[PDB]
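Colleague: Here goes the first bit of my complex:
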Amino acid sequence: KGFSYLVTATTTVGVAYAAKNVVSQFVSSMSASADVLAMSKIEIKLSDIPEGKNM
Amino acid sequence: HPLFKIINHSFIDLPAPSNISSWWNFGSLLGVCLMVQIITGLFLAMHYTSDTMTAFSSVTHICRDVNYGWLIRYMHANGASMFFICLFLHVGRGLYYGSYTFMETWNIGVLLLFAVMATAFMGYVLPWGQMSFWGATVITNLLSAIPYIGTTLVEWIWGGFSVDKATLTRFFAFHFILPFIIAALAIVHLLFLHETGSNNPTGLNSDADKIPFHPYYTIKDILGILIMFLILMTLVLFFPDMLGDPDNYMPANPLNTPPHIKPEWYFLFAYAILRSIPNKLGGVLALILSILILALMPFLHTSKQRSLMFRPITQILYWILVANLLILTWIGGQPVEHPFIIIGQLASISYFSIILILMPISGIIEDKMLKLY
Amino acid sequence: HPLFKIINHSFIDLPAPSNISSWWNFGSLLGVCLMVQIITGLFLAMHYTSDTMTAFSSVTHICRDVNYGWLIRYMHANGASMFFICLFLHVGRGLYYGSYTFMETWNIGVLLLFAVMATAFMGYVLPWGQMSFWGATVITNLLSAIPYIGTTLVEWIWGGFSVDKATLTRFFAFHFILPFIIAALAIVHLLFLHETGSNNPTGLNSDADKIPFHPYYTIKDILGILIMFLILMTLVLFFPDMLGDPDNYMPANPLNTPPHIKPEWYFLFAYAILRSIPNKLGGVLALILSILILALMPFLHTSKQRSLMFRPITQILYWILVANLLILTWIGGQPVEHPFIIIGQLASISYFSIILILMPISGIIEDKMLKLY
Amino acid sequence: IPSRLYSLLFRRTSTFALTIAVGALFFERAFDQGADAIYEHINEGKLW
Amino acid sequence: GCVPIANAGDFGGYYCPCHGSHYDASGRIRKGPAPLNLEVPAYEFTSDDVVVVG
Amino acid sequence: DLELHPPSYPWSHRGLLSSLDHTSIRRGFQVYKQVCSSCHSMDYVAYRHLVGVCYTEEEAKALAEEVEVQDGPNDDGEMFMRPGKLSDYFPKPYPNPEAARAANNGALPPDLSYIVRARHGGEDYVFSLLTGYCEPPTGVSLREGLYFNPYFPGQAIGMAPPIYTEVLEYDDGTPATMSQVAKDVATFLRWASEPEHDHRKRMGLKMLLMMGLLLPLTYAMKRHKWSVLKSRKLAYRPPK
């Protein structure tokens, strides 16, 4: 029994490892793409705003 | 053909109760509305573009340059409104006549209700107006309430830091794909019901009086379809903007926020509840429970009579429940200021107390009056 | 339980023949491929834009900026190729083993085949490359062949004078919506098969030897799924473009025609036939018949034995049919010049004469050899 | 021998699942590590 | 997640027309149902005329 | 049609499990920047992509801040220009297709982003074309703005030899022979047409390994659950 089931248990981990990987990339696809992620360093001119104002 | 058997088994030789009123039409209307939505949605999909630069332009191109494209677009919008009208009356029929004792049918129903609400929300986001963008941010933000994984989930759905093209395109895909899942769930809904047959307004065993469906409840469904089409076309051809918001006819400005943010009217009852609870999380949960309380409904039936035809105290409590559901629909519309808030808080307290507490106690009292308890 | 009953009767205990070979795996593979396509298609739909200015840009954005977006796109393309491989082997199994005597199952099958070919054609139009645009114009032009209403129909589909954005957007809508109709037609397919049960390679009544499906043909389908996934991932991760057209990586230039225009590997057999017939209309018709001849197949069975396991002359004719199907696939690729044309003309004549004439005459001769006729 | 294993982690289905899950949790670590070694070495001098 | 409207409200800072959250000039939530103060991005005051906000 | 079919070259990115040489991609990007960018465009490639391929973040920015880009509308509404950003795409060598057509004697230098993928046997073709400007034979005559490149369709490419030995100097110092330059730019263009070439092949190795484990096993489980029947020994014992 332990020989036959160990094969079932072995296979499972393997499938389990692939299944998490497949599902992981998919899940990851909906995450932010490279284009958006690459957003930073907005430049702001202090002179633009005077006291009592928001921009 | 073997299929003809299935064709007959569910629509021709199906034994139906002879005394079911016009309310039993409504579910069939929902199915028709689903098809109508799908058909109109398909004819919106041949010209709509899910790009934030071109979504509003594509919608205006549909309304102005496609032959009868305004007709199909406003049929789609007012058919979503008609879908929610028929859905609310279907759920009210199920609550009033004790049809929730068909527990599997009821649970597949509340799953269908959740799917339809998600589909309508993403569809309202789809035209990319001012109101759609601020509405999306708002409800997507609702998710952030989650205690630990909230932020991630929100960002996932948005597909970025804030709703932007990333969202619009995936919302187009999801809004396209969910009504077919709704159709499959409706097939499961019909199956879980034929195993038990429909209920009657008296709530009694109608096995002694059943009639065919082809000549008796088919022409009745055809007449109900004709009346629903009359109301839908007088909503489309005469008052095409009485249910929508004017601010959705402006383009989506992330810099400009509207002075008052609403979802469309059928989300209002929920909106009220959310606003009522002070805690953000509390609101989200209560909101969910608002819909989920229904699923919980078959475990709260403590009466020996299935329907409310012979139960006057629970009839009074039911109409008070419909009354403060209308009150919560009104409050959602009202802005945040006295005394709209207090009503909202009470109305939510009264809603949950009538569904959770008052109806089983009233059913116990009604059983005591008939010398049954 | 009325939802689980279906599975028990259909997937867990269905009485299946004990001796069906690996070819009977293929249809289940097709179902898996359908889901795979749908899943990958959904994850292409969250970033694809059906605008002629932005379709190629959205496809490149999927391949370059979406996390593992190249993986999902090339899985979708090579899964369409795997779908057609499994479809051709499924149809070849049905032709070889006499499974076309299940006539309703066969007719629902050829309807599914037409729907899958239309879905793949519009999907190949969708990335809006050079090859997609010239390919679309070509087949849309095929319709113009219609004797009287052809021009109108073509213009209708195109939605304008010539394929342009009008087409792309409606092709996106139709390519989105048809695989769900394919799934429903597959339910009707398996349905009409449940009423009969599967065939076996000997072609005999297997009622004396049937086994369950859960432990015997489930692990077999799991192994076939694993092997098909191995071939699909070695097609995606190692030779991704081996099954594509380099000219589809250029943007669509309505002004220029890629010189080596050719339909994908699976449409070639048809392409050859179309090119073979001199008359345009003739080509279109023959093309259609090419697929339709199959539907016609259950009325051409003149043998007293269902399968070809014990029929060697019709086995030889079947392998000659597979041979000139491969020849027609090659010819389609070859350009218009001697002697590719003549082969095409003969190969088409031999294809229609083997299916229409030679196999029933051979079955009559085989019945005469066994002292049956 | 496996016997000891079987009677301990492979005979009770609950434990069967436990061994599977735990093994899978670690397998990824090992597989990724081993696999990377193979790939990187094959292309050593070309990475980065 | 709405936009607070600057130069409006009962705390001379901000007001969000969505549910009535009043933020002071510091952007701290002072009245209403907003849970936490507005976020301050990690900017950079390179100059009294140049500020690199994240 | 009748066209010379470029031979197979022993590249390194061909190996089933072999990744692109990244020094060659860096050299080919230098070749594109100094030679090919005057006429060809790279609309779907932006500096950020390079990061993690042959350049670091800071270096990439260096590259980015070494070019000028327009910057939408000014507050005044007047379009202005800015130092290139890691988010900026590669600059257009011609604002509009017409400009390119005009400058390049009617020829539209095709965007070299997917050229390798768009040209049959691209990597080879590219190398061949760039290294195939041989003299037109007797009997063929080409008009101005045309060149007899056997590989090019029609053997009349508008582009002139774009690579003269020592056309540009490789920063790495590797001798800038015409070939060393054509091989580098073919590797780079290849990379351009498939920035994921390396990442994919890794998965491939991994997939094979997994199948090489799961496939054999799934077979043992199937043969366990099918042994029962495959050992069935029928027997007919009529009453007799």
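Modeller: Yep, it's here. Numbering: from 1, shown residues only, chains lettered A, B, ... in the order given.
Colleague: right, and the helix or strand after the longest helix belonging to chain A?
Modeller: Taking DSSP state H as the criterion, chain A has its longest helix at helix A:2-29. Note on helix A:2-29: by DSSP states H and E, the next helix or strand toward the C-terminus is helix A:34-37.
Colleague: Tell me if whichever helix or strand comes after that next one is near chain E.
Modeller: Sequence-wise, the next helix or strand downstream of helix A:34-37 (DSSP H and E) is strand A:42-45. Yes: for strand A:42-45, a contact with chain E is found by CB under 8 Å from any CB of the partner chain, at A:42, A:43, A:44, A:45. C-beta here means a position set from N, CA and C on the backbone, and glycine is covered the same way.
Colleague: can you list the residues that contact strand A:42-45?
Modeller: For strand A:42-45, the surrounding residues in contact (CB atoms under 8 Å, 6 or more residues apart in numbering or on different chains) are A:55, E:43, E:49, E:50, E:51, E:52, E:53, E:54.
Colleague: and residue B:121, what is it in contact with?
Modeller: The contact partners of residue B:121, by CB under 8 Å, 6+ apart, come to B:139, B:263, B:267.
Colleague: which among the residues of strand A:42-45 next to chain E end up buried?
Modeller: The neighbour count (16 or more other CB atoms under 10 Å in any protein chain shown) marks residue A:44 as buried among the residues of strand A:42-45 next to chain E.
Colleague: which secondary structure elements does the helix or strand hosting residue B:282 contact?
Modeller: Per DSSP H and E, residue B:282 falls inside helix B:280-296. Judged by 3 or more CB pairs under 8 Å, 6 or more residues apart in numbering or on different chains; DSSP states H and E, helix B:280-296 is in contact with helix B:103-125, helix B:268-276, helix B:340-353.
Colleague: Off-centre distance for the lengthiest helix in chain B?
Modeller: The longest helix of chain B (DSSP H) is helix B:165-194. How far helix B:165-194 lies from its chain's middle: 13 Å, per CA atoms, centre = their mean, to the nearest Å.
Colleague: to the structure above, add chain G:
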Amino acid sequence: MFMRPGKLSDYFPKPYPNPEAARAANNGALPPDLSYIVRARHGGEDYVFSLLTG
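Modeller: So that you can see how it sits with the rest, here is chain G on the chains above:
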């Protein structure tokens, strides 16, 4: 670029090439698209009349 007399297929001409020019020319205010103004303004037809006459 080049300018040509409008065609029946031409849309109505822009007053400004971009909204920031509208901000610069209208003292920081953006005059909105009047295509759907009546539909976008609550009680638009009335509002319009009232505003223009108010």
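Colleague: and the longest helix of chain B, what does it pack onto?
Modeller: Going by 3+ CB pairs under 8 Å, 6+ apart, helix B:165-194 lies up against helix B:2-11, helix B:26-45, helix B:103-125, helix B:130-144, helix B:150-158, helix C:26-45, helix C:165-194.
Colleague: Can you check which of those helices gets nearest to residue E:18?
Modeller: Residue E:18 lies closest to helix B:130-144 among the helices and strands packed on helix B:165-194, at 7.0 Å (CB to CB).
Colleague: The closest one vs chain C: in contact?
Modeller: No: using CB under 8 Å from any CB, we find that helix B:130-144 stays clear of chain C, coming within 14.9 Å at best.
Colleague: relative orientation of that helix and helix B:165-194 in degrees?
Modeller: If you take axes from the mean of the first three to the mean of the last three CA atoms, to 10 degrees, helix B:130-144 sits at 70 degrees to helix B:165-194.
Colleague: how about helix B:130-144 against chain A, any contact?
Modeller: No: applying CB under 8 Å from any CB, one finds helix B:130-144 separated from chain A by no less than 13.1 Å.
Colleague: Give me the buried positions along that helix.
Modeller: B:130-144.
Colleague: That helix and chain E, are they touching?
Modeller: Yes: judged by CB under 8 Å from any CB, helix B:130-144 and chain E are in contact via B:134, B:137, B:138, B:140, B:141, B:144.
Colleague: Enumerate every residue touching the residue lying closest to the second one once chain neighbours are set aside.
Modeller: The shortest distance from residue B:137 to any non-neighbouring residue, by CB to CB, 6 or more residues apart in numbering or on different chains, is to residue E:1 (4.7 Å). Contact criterion CB under 8 Å, 6+ apart gives B:137, B:138, B:140, B:141, B:144 as the residues in contact with residue E:1.
Colleague: here's chain H, drop it on:
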Amino acid sequence: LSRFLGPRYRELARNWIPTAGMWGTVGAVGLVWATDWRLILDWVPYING
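Modeller: Chain H, in position alongside the others:
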């Protein structure tokens, strides 16, 4: 519930308890692994990284 406040009912549960815990354990391990939860995985020496 009246029927579930029972002596054997309790015995059954007690006998069932261990198995139940095992299942939760599998899921917990599963969730940690599937989500690649690093807060938890950071504890494991080899799994780290």
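Colleague: The contacts of residue E:1 again, this time with chain H added?
Modeller: Applying CB under 8 Å, 6+ apart to residue E:1 gives the contacts B:137, B:138, B:140, B:141, B:144.
Colleague: immediately after the helix holding residue B:282, which helix or strand?
Modeller: helix B:312-333.
Colleague: Please name every helix or strand in contact with that following helix.
Modeller: For helix B:312-333, the packing partners by 3+ CB pairs under 8 Å, 6+ apart are helix B:69-96, helix B:268-276, helix B:340-353, helix B:359-369.
Colleague: Just to check, residue F:195 is in contact with residue F:52?
Modeller: No: between residue F:195 and residue F:52 there is no contact, the gap being 9.5 Å when judged by CB atoms under 8 Å.
Colleague: These two - which one has more neighbours?
Modeller: More crowded of residue F:195 and residue F:52, by other CB atoms under 10 Å in any protein chain shown: residue F:195, with 21 against 15.
Colleague: For that one, give me its contacts.
Modeller: C:64, F:45, F:49, F:53.
Colleague: Then residue E:29?
Modeller: E:21, E:22, E:23, E:35, E:36, E:37, E:38.
Colleague: try residue B:217
Modeller: The neighbours of residue B:217, taking CB under 8 Å, 6+ apart as the test, are B:16, B:20, B:24, B:211.
Colleague: nearest spatial neighbour of the first one, skipping sequence neighbours?
Modeller: Nearest in space to residue B:16, with sequence neighbours left out and distances taken as CB to CB, 6+ apart, is residue B:213 at 5.0 Å.
Colleague: same deal with residue B:58?
Modeller: residue B:49 (4.4 Å).
Colleague: And for the one you found, the neighbour number?
Modeller: For residue B:49, using other CB under 10 Å, the count is 27.
Colleague: swap in residue B:188?
Modeller: Count around residue B:188 with other CB under 10 Å applied: 16.
Colleague: Return the residues in contact with the nearest residue to it once chain neighbours are set aside.
Modeller: In space, and not counting its chain neighbours, residue B:188 is closest to residue B:108: 5.5 Å by CB to CB, 6+ apart. Counting by CB under 8 Å, 6+ apart, residue B:108 touches B:185, B:188, B:189, B:192.
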